[PDB]
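K.L.:
Give the three-dimensional model of this entry:
(7 chains, ligands or ions: 18)
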Amino acid sequence: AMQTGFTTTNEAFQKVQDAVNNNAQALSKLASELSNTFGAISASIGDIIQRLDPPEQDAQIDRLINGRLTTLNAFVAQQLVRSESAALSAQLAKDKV
Amino acid sequence: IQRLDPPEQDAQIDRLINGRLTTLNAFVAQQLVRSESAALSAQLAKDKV
Amino acid sequence: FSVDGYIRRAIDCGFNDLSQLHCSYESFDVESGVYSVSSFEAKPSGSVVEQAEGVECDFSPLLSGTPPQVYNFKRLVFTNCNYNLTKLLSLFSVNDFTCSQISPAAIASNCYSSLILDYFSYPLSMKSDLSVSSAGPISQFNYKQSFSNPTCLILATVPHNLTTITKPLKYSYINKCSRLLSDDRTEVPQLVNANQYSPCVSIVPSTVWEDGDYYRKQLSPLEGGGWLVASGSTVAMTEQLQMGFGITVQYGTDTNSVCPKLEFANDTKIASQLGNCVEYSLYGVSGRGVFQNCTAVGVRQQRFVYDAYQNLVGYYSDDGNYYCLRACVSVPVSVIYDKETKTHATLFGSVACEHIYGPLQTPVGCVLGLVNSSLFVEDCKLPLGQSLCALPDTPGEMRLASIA
Amino acid sequence: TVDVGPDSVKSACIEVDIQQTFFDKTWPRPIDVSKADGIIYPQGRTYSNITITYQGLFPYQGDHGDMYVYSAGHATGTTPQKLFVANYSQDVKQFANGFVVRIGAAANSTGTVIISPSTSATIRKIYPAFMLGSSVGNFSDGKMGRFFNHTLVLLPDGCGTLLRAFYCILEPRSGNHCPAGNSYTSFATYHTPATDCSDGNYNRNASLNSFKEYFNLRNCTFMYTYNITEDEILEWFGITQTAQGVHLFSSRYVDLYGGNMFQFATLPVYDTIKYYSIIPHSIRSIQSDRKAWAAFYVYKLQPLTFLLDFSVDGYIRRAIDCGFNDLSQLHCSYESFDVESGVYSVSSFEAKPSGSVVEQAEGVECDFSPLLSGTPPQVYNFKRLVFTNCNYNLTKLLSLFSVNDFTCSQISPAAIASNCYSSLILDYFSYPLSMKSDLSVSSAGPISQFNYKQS
Amino acid sequence: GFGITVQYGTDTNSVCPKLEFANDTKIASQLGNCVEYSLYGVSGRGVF
Amino acid sequence: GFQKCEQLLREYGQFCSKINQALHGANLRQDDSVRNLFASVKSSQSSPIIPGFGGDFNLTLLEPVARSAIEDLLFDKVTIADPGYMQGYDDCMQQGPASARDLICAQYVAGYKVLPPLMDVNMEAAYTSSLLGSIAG
Amino acid sequence: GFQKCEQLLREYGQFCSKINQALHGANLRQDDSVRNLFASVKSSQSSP
Ligand SMILES: *[C@@H]1O[C@H](CO)[C@@H](O[C@@H]2O[C@H](CO)[C@@H](O[C@@H]3O[C@H](CO[C@H]4O[C@H](CO)[C@@H](O)[C@H](O)[C@@H]4O[C@H]4O[C@H](CO)[C@@H](O)[C@H](O)[C@@H]4O)[C@@H](O)[C@H](O[C@H]4O[C@H](CO)[C@@H](O)[C@H](O)[C@@H]4O[C@H]4O[C@H](CO)[C@@H](O)[C@H](O)[C@@H]4O)[C@@H]3O)[C@H](O)[C@H]2NC(C)=O)[C@H](O)[C@H]1NC(C)=O
Ligand SMILES: *[C@@H]1O[C@H](CO)[C@@H](O[C@@H]2O[C@H](CO)[C@@H](O[C@@H]3O[C@H](CO[C@H]4O[C@H](CO)[C@@H](O)[C@H](O)[C@@H]4O[C@H]4O[C@H](CO)[C@@H](O)[C@H](O)[C@@H]4O)[C@@H](O)[C@H](O[C@H]4O[C@H](CO)[C@@H](O)[C@H](O)[C@@H]4O[C@H]4O[C@H](CO)[C@@H](O)[C@H](O)[C@@H]4O)[C@@H]3O)[C@H](O)[C@H]2NC(C)=O)[C@H](O)[C@H]1NC(C)=O
Ligand SMILES: *[C@@H]1O[C@H](CO)[C@@H](O[C@@H]2O[C@H](CO)[C@@H](O[C@@H]3O[C@H](CO[C@H]4O[C@H](CO)[C@@H](O)[C@H](O)[C@@H]4O)[C@@H](O)[C@H](O[C@H]4O[C@H](CO)[C@@H](O)[C@H](O)[C@@H]4O)[C@@H]3O)[C@H](O)[C@H]2NC(C)=O)[C@H](O)[C@H]1NC(C)=O
Ligand SMILES: *[C@@H]1O[C@H](CO)[C@@H](O[C@@H]2O[C@H](CO)[C@@H](O[C@@H]3O[C@H](CO[C@H]4O[C@H](CO)[C@@H](O)[C@H](O)[C@@H]4O)[C@@H](O)[C@H](O[C@H]4O[C@H](CO)[C@@H](O)[C@H](O)[C@@H]4O)[C@@H]3O)[C@H](O)[C@H]2NC(C)=O)[C@H](O)[C@H]1NC(C)=O
Ligand SMILES: *[C@@H]1O[C@H](CO)[C@@H](O[C@@H]2O[C@H](CO)[C@@H](O[C@@H]3O[C@H](CO)[C@@H](O)[C@H](O[C@H]4O[C@H](CO)[C@@H](O)[C@H](O)[C@@H]4O)[C@@H]3O)[C@H](O)[C@H]2NC(C)=O)[C@H](O)[C@H]1NC(C)=O
Ligand SMILES: *[C@@H]1O[C@H](CO)[C@@H](O[C@@H]2O[C@H](CO)[C@@H](O[C@@H]3O[C@H](CO)[C@@H](O)[C@H](O)[C@@H]3O)[C@H](O)[C@H]2NC(C)=O)[C@H](O)[C@H]1NC(C)=O
Ligand SMILES: Nc1nc(=O)c2nc(CNc3ccc(C(=O)N[C@@H](CCC(=O)O)C(=O)O)cc3)cnc2[nH]1
Ligand SMILES: *[C@@H]1O[C@H](CO)[C@@H](O[C@@H]2O[C@H](CO)[C@@H](O)[C@H](O)[C@H]2NC(C)=O)[C@H](O)[C@H]1NC(C)=O
Ligand SMILES: *[C@@H]1O[C@H](CO)[C@@H](O[C@@H]2O[C@H](CO)[C@@H](O)[C@H](O)[C@H]2NC(C)=O)[C@H](O)[C@H]1NC(C)=O
Ligand SMILES: *[C@@H]1O[C@H](CO)[C@@H](O[C@@H]2O[C@H](CO)[C@@H](O)[C@H](O)[C@H]2NC(C)=O)[C@H](O)[C@H]1NC(C)=O
Ligand SMILES: *[C@@H]1O[C@H](CO)[C@@H](O[C@@H]2O[C@H](CO)[C@@H](O)[C@H](O)[C@H]2NC(C)=O)[C@H](O)[C@H]1NC(C)=O
Ligand SMILES: CC(=O)N[C@H]1[C@H]([C@H](O)[C@H](O)CO)O[C@@](O)(C(=O)O)C[C@@H]1O
Ligand SMILES: *[C@@H]1O[C@H](CO)[C@@H](O)[C@H](O)[C@H]1NC(C)=O
Ligand SMILES: *[C@@H]1O[C@H](CO)[C@@H](O)[C@H](O)[C@H]1NC(C)=O
Ligand SMILES: *[C@@H]1O[C@H](CO)[C@@H](O)[C@H](O)[C@H]1NC(C)=O
Ligand SMILES: *[C@@H]1O[C@H](CO)[C@@H](O)[C@H](O)[C@H]1NC(C)=O
Ligand SMILES: *[C@@H]1O[C@H](CO)[C@@H](O)[C@H](O)[C@H]1NC(C)=O
Ligand SMILES: *[C@@H]1O[C@H](CO)[C@@H](O)[C@H](O)[C@H]1NC(C)=O
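P.N.:
Residues are numbered from 1 along each chain as shown, chains lettered A, B, ... in the order given. Ligands and ions are numbered 1, 2, ... in the order given. Here you go:
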């Protein structure tokens, strides 16, 4: 009866897909955040350099840095949360076996 | 908005945005920590019952 | 740094991947393991450039007849043309040329979607009234520059031999512009918006006859009713006409077709550099990438094809071809290091060795520094992924071992 | 200026019969964003096979817009008579951010001849005519719809083969039934198919010439024409205005069958368009050859966020108006047209102001008199007037002096003269203008170091 | 020279441009409604 | 790769060292978690799985086909992007991205890398296969 | 509700989509946690 069970009504099966989706979400933060300007004139450092002189160029690059540093800190914080959770879960798996 | 023109108005609004975005990120990070903890705890409750 | 302060030992942190590792831990001794380090960057092998090439942008109107007063400034909008500011600047004695939200070097060298030139008669004695910080009559009722787009302001004097520009009798401006509401108790100042004309322009004559002239229009109900009123003022004319030129530039509403002229080499074509990493500048759009010949997608007329993360991913060229644009891609690097032997190997994860004993292709990428051993371990200290392990020879080269 | 041909030489205009009842039809065609109605394509780029949100000027989902329909004029057999129009010239609308127009939607359907409700005919596409400008008011007899100064006129001509765009001053003619003359009702344009729409040589000035009967065109700065290939295909037209001028959009030169609008022209119109109206048009058909003309619909644009579905070929075929309802907000937040089942929180339904309340100190004027009497102090002995609990007016003080330099810091220019304050402190002193720069914040000279420094 | 310094909140912001008041901008006449307010320089939206 | 940016980045301290070390530790944690988990699933003694394992009890679903039939079905029904552990760098150049928002090809563009797991598929299958054969005894 | 702010907020990417999705998932987690917990407390057979 279980051979045809990997469907929409199988909660365990969705948990498998969700674990997969969580990995994808973690990567989407890095892929999607580089397009943000975080108040800057461009998400491109090259555009900032090409358009502005150092006293203003600096401020614009710095906005991009702050946004990207923030993104990476958030990413890392989540990889640590997710790896801690997975490790606890792994010990549960150990006990079940 | 009432006091400043766009080149400065922008900078001031942006400070408020950064602070509020930060606040919401902190909030969400904690709701995720607290919900993860509560979920583990719920499984402990399950075992005790 | 030794106790006595001398430097006796150092690491060049960009020499190799092993050196990068030591620098990241700020130590000459790091533990054994497999570590990710900065990728091996692809570098440009050339460049491709496409710019609109053709008609000069035409500043002739500017040079013929009497320039308008500041509240009636005339606007020349330049698109799809080659600009040269020197060509215009060289005709005037420039008194003050400044830029905002764009560098000086950039105003004369970048490509734009459009360049908007606003010209008018303007006394130099009122120079400061055009400042962003100004609260005087020019900035409040006559002319205001954009706060959003990069702008420049040029104040210049017409030379005695530039006989095609004639002078007005006097310089003039609006010193008051307001609406009287239907109750006739409340008066509301009508401030000029950036890049727009004052609402009082329709009631104020092209030249104010005399300082203090008062103008009034009865507004229709569709205009909110009440009266629009204004007062003019004048400045005595100078020996040489003084003129202001506002320049506003936009960077991405269209193809950035307003460019300095460029003499093109035929080694900057896309077709001649397909497959290479190149720097590009395509109608003001720039970055680094690899062009490939491929099937057209998107709307041709729009030229630049973007993905869902707003990267440029394709381009319709003026040579008739559509190219896919890929990022120059970096080559992943992981350092496999054994502290006891002081040896290492480099893993280029996900990379075929065609891009890199010679290199060894493994299930996790291309690895240099390892020798294939057809040996099994259980006791793996330097796992590479899948069921592979680096095993030090102990010193010799690390062996590639499989986990049993 | 531009020569736009000769003035009309007629002493009278054709009489116009305005009977709005006949044009009060209910043929609703609201914007269907899911079918991508009314969308102007993102302008500087294209996308392929993706779904993204985008900020730009779009019509609202469900907007019915304003329907306008042109008709046949009055006739008696083979001799056309009086023009028959709706009250359109007097119906002046606020331009705001511009508009899009649905043109020919009913083409090929059987419709009605407006002038004769019992007469049916196949519906044919007709192009809208517009009058746009900065200022409006009335005509000599008090009727509204007069535009002042330069007016932008978008007038299709050649029996629908060209769009003529011009910016000019419209000087009402004084002849019979003309706007500055006697028995005026409404101006209208017209063409006479019998002589203007020959199979070969269409009269490319037929509508221009009728326009000219009501107005003299003066100080034209431009007159441009665009060609239209004839068909009965539904098309969209749009108009917006930026610092670069007036932008004319159309679906027919890029996405004819699809409907997405692309820019085809920019006009050098820099004064702000505030008002527009539909120029009524009446076709001087014979009684035996009346056609049904398709209604056009005008929809207003606003800065909305839409979810846009770009096909492989780059056209937008489907979209979500992200502010239409809560369900739409959901789709936009996930940037998808398909979201999973569930219960989701979305933006709250905002309470909006129903009015305003204001209380201000009202009373004594703040007194700047001290300032005006006697010898002002030197810069190091500046005198201070502190104003509290009073009504201020800076113009009252500024108007007494020839101001050489008035600048503000950490407050806008508009604000200094309009906001309320706990206090206003005015420090006045004698000061040579030649030392102007020594009062700058960045200055390291004697005034800023030893005499006077601002907060 | 004339220096102008303004302060925004040490007291009621009682230094204001003069305003002609309508009687539909009174608080008592709009109780229970959401209104914009400007009270001696203090502003925002709310219900009185 | 912009030097001006890198120059400004340095004023934020050893930011990137912290990012790398935090992730390195987080990644070691899974290799340790996996190693420990499998060490415990591992059987000491086990019977061979033969076709017919289960007797009257139909266990063909679980018998290795090598992954078992249910195990392959479980993987086939879950949508997982292929990380390209052996040559993904090249797949993303010669074919390009599979679709919009392709997070595997984004790696070589954005500056991030997906690392391979500690054990390959056949080894993990070996562990659960030996586990199956150990249950009755 | 201020449009200028919203205009600037957009330059930070789909920030609010991330906030909403993260909380939506976090909230579903409790409904799932509760449903699972009670499913297990539930008795098959019980005396009154
Ligand atoms: C953007 O817009 C700006 C402004 O329009 C452009 O800048 C201009 O660029 C042109 C070149 O394209 C440049 O012309 C050059 O001028 C110099 C100056 O000579 C003048 O003084 C000498 C004094 O001895 C006179 O003998 C000479 O006739 C000139 O006199 C001028 O003024 C007097 C009044 O005082 C008038 O009576 C004169 O008629 C005249 O107006 C020239 O020396 C230079 O000549 C060289 O190039 C030309 C090219 O046609 C060539 O024919 C000459 O033989 C000579 O070339 C040789 O020498 C060069 C090295 O210099 C070497 O490279 C060659 O191989 C040869 O061996 C030329 O005529 C003009 O001055 C610039 N103006 C400004 C304001 O900058 C700019 O280019 C535009 N940008 C773009 C991208 O298009
Ligand atoms: C802040 O402080 C500033 C400065 O103090 C205030 O701004 C002032 O506001 C007053 C109004 O309250 C305004 O007065 C108006 O002046 C115009 C200009 O007229 C002058 O020129 C004409 C030319 O034909 C002369 O005929 C006229 O006499 C004036 O001449 C002046 O100068 C000469 C020397 O050259 C002197 O010899 C003169 O004596 C004189 O000083 C007037 O046209 C305007 O008149 C209208 O309003 C008055 C109200 O009393 C009314 O009686 C008139 O009949 C007329 O009203 C009709 O027309 C209006 C439409 O305009 C319509 O709405 C009405 O219904 C009627 O149909 C009035 O006198 C003064 O100029 C402003 N000054 C500055 C510098 O801005 C500001 O209001 C203060 N803010 C607050 C909130 O209080
Ligand atoms: C934008 O569009 C508006 C509306 O069209 C224009 O405003 C109109 O301006 C014109 C003139 O610019 C007004 O027409 C007449 O102006 C006369 C000016 O007098 C001087 O010039 C005449 C020239 O012949 C000399 O003869 C005379 O001696 C003076 O030297 C007025 O005298 C006229 O007055 C007549 O009508 C009034 C009505 O009350 C009578 O009381 C008078 O006795 C007389 O009969 C007249 O005003 C025209 O009226 C304005 N229209 C409106 C609606 O206000 C704007 O100028 C235009 N803006 C721009 C920038 O172009
Ligand atoms: C009033 O009546 C007229 C006709 O009497 C309608 O006009 C027709 O409208 C349809 C739909 O807009 C047009 O069909 C489209 O034709 C395009 C090109 O047709 C030209 O090229 C093909 C190439 O083989 C020829 O076979 C054809 O005869 C034409 O020469 C096609 O490219 C379009 O297909 C595109 O859109 C469809 C939509 O689903 C996609 O499925 C396709 O893959 C592709 O993307 C489409 O077939 C038709 O040609 C028009 N007729 C004329 C004469 O032009 C009016 O629309 C109707 N008016 C109203 C208001 O209803
Ligand atoms: C139908 O509408 C069109 C608008 O699309 C209108 O077109 C205009 O035609 C006139 C001529 O009839 C053009 O004016 C000419 O342009 C040329 C350009 O080189 C000039 O050289 C001509 O100058 C000569 O003739 C003048 C006549 O007064 C003399 O004064 C002058 O000294 C020269 O001798 C003349 O300016 C005009 O430019 C076009 N306009 C546009 C916008 O294209 C057409 O006339 C209308 N037809 C009818 C019958 O009304
Ligand atoms: C033990 O259980 C397995 C299933 O768990 C049984 O094998 C299954 O037998 C059925 C026969 O009814 C096969 O059905 C076939 O499916 C294909 C699919 O395309 C179809 O084309 C055929 O016409 C038929 O319907 C089923 O696939 C098969 N499954 C597997 C995994 O082999 C097996 O027979 C049971 N053993 C005993 C001893 O009962
Ligand atoms: N001269 C002329 N011009 C026309 O454009 C014209 N159009 C019609 C028909 N117009 C219409 C337009 C819409 C619907 C219609 O079916 N509307 C829907 C509601 C659509 C909605 O609101 O979502 C309906 O059920 O009535 C019918 C007829 C008839 N005679 C004409 N005659
Ligand atoms: C346009 O995008 C769709 C995705 O929405 C592509 O359809 C996918 O194609 C891949 C090809 O391997 C399949 O594996 C997916 O299952 C398909 N997804 C869906 C939802 O059908 C489509 O092929 C794209 N079109 C083009 C020309 O690239
Ligand atoms: C021109 O005619 C239109 C349409 O008949 C008038 O608009 C109507 O005005 C009445 C006034 O009570 C409203 O009830 C209707 O709902 C309006 N119709 C629409 C579609 O909005 C318009 O006011 C007339 N304009 C002039 C200047 O006479
Ligand atoms: C419109 O154009 C005319 C001519 O180019 C301008 O000049 C006036 O033309 C009339 C023609 O009868 C003369 O009587 C006037 O004396 C001319 N005035 C001047 C100052 O030369 C007219 O000014 C233009 N109008 C606008 C609003 O630009
Ligand atoms: C718009 O259409 C008109 C009419 O077809 C074109 O004008 C014709 O151009 C041809 C070119 O050989 C001439 O032979 C005709 O005599 C012209 N007709 C008329 C009435 O003048 C016009 O060029 C088209 N415009 C564009 C931009 O293509
Ligand atoms: C707007 C208007 O008055 N229309 C009327 C027309 C016209 O007078 C004729 O078409 C003149 O050509 O005549 C009718 O008999 C008709 O045809 O149904 C009545 C209709 O109400
Ligand atoms: C104008 O041209 C004449 C021609 O001889 C010259 O002498 C004069 O100096 C020139 N003036 C200026 C201002 O260049
Ligand atoms: C490429 O540039 C060289 C430069 O001299 C020229 O000789 C050659 O003809 C050019 N090739 C083409 C195709 O124009
Ligand atoms: C690109 O490919 C098309 C067909 O795939 C081909 O005909 C065209 O010549 C190619 N262009 C280049 C620059 O190789
Ligand atoms: C090492 O050599 C053996 C030869 O027996 C081969 O089967 C194995 O795949 C090789 N490994 C690699 C990574 O090339
Ligand atoms: C508008 O109407 C009034 C009376 O109806 C008349 O006095 C006035 O002159 C009209 N305006 C115009 C521009 O004719
Ligand atoms: C409210 O304002 C109107 C405006 O005319 C006035 O007539 C009425 O008397 C005012 N009411 C009070 C209480 O002052």
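
K.L.:
burial of residue A:2, as a residue count?
P.N.:
Neighbours of residue A:2 under the rule other Cβ atoms under 10 Å in any protein chain shown: 9. C-beta here means a position set from N, CA and C on the backbone, and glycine is covered the same way.

K.L.:
try the one 10 residues further on
P.N.:
The local packing of residue A:12 (other Cβ under 10 Å) involves 9 other residues.

K.L.:
And the helices in chain F?
P.N.:
Assigned by DSSP state H, chain F shows helices spanning F:3-9, F:15-41, F:69-76, F:88-94, F:107-110, F:121-132.

K.L.:
Any idea which of the ones you listed gets closest to ligand 16?
P.N.:
Ligand 16 sits nearest to helix F:121-132 of all the helices of chain F, at 13.6 Å, using Cβ to the nearest ligand atom.

K.L.:
and the closest residue to residue D:404 other than its chain neighbours, how many neighbours does it have?
P.N.:
Using Cβ to Cβ, 6 or more residues apart in numbering or on different chains and skipping residues adjacent in sequence, the residue nearest residue D:404 is residue D:433, 5.8 Å away. Residue D:433: 8 surrounding residues under other Cβ under 10 Å.

K.L.:
doesn't residue D:403 make contact with residue D:433?
P.N.:
No. The criterion here is Cβ atoms under 8 Å, and residue D:433 misses it with residue D:403 at 11.0 Å.

K.L.:
Show me what from chain D comes close to ligand 12.
P.N.:
Along chain D, the residues adjacent to ligand 12 under the rule Cβ under 6 Å from any ligand atom are D:19, D:22, D:74-75, D:84, D:115-116, D:118, D:287.

K.L.:
Now go through those and say which are in strands.
P.N.:
Counted as lying in strands by DSSP state E, out of these, are D:75, D:84, D:116, D:118.

K.L.:
need the residues you listed in TSV with neighbour count and distance to residue C:279, can you?
P.N.:
Shown next, in TSV, are those (neighbours: other Cβ atoms under 10 Å in any protein chain shown; distance: Cβ to Cβ, whole Å):
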residue	neighbour count	distance to residue C:279
D:75	20	70
D:84	26	65
D:116	17	69
D:118	6	72
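
K.L.:
right, and out of those, which lies closest to residue F:43?
P.N.:
Closest approach between these and residue F:43, by Cβ to Cβ: residue D:118, at 93.6 Å.

K.L.:
nearest residue to residue C:366 other than its sequence neighbours?
P.N.:
Of all residues not flanking residue C:366 in the chain, residue C:353 sits nearest, at 4.0 Å (Cβ to Cβ, 6+ apart).

K.L.:
who's in contact with that neighbour?
P.N.:
Residue C:353 is in contact with C:359-361, C:366, counting by Cβ atoms under 8 Å, 6 or more residues apart in numbering or on different chains.

K.L.:
6 Å instead?
P.N.:
Counting by Cβ atoms under 6 Å, 6 or more residues apart in numbering or on different chains, residue C:353 touches C:359, C:361, C:366.

K.L.:
possible to save the residues you listed as a markdown table with secondary structure and neighbour count?
P.N.:
Shown next, in a markdown table, are the contacts of residue C:353 (DSSP: H, G, I helix; E, B strand; the rest coil; neighbours: other Cβ atoms under 10 Å in any protein chain shown):
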| residue | secondary structure | neighbour count |
| --- | --- | --- |
| C:359 | coil | 18 |
| C:361 | strand | 17 |
| C:366 | strand | 24 |
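
K.L.:
what's the closest of these to ligand 7?
P.N.:
Closest approach to ligand 7 among these (Cβ to the nearest ligand atom): residue C:366, at 61.6 Å.

K.L.:
Contact partners for residue 67?
P.N.:
No chain in the question, so chain A it is. Contacts of residue A:67 by Cβ under 6 Å, 6+ apart are A:36, A:38.

K.L.:
Please refer instead to chain F.
P.N.:
Shown in contact with residue F:67 (Cβ under 6 Å, 6+ apart): residue F:125.

K.L.:
What separation is there between it and residue F:73?
P.N.:
Look at residue F:67 and residue F:73: by Cβ to Cβ, to the nearest Å, they are 10 Å apart.

K.L.:
Which residue is it, in chain D, that comes closest to chain F?
P.N.:
At 4.5 Å from chain F, residue D:50 is the closest residue in chain D, using Cβ to the nearest Cβ.

K.L.:
tally of neighbours for that residue?
P.N.:
When neighbours are counted by other Cβ under 10 Å, residue D:50 registers 20.

K.L.:
what does residue C:113 give?
P.N.:
Neighbours of residue C:113 under the rule other Cβ under 10 Å: 22.

K.L.:
Who are the contact partners of it?
P.N.:
C:250, C:252-254, C:256.
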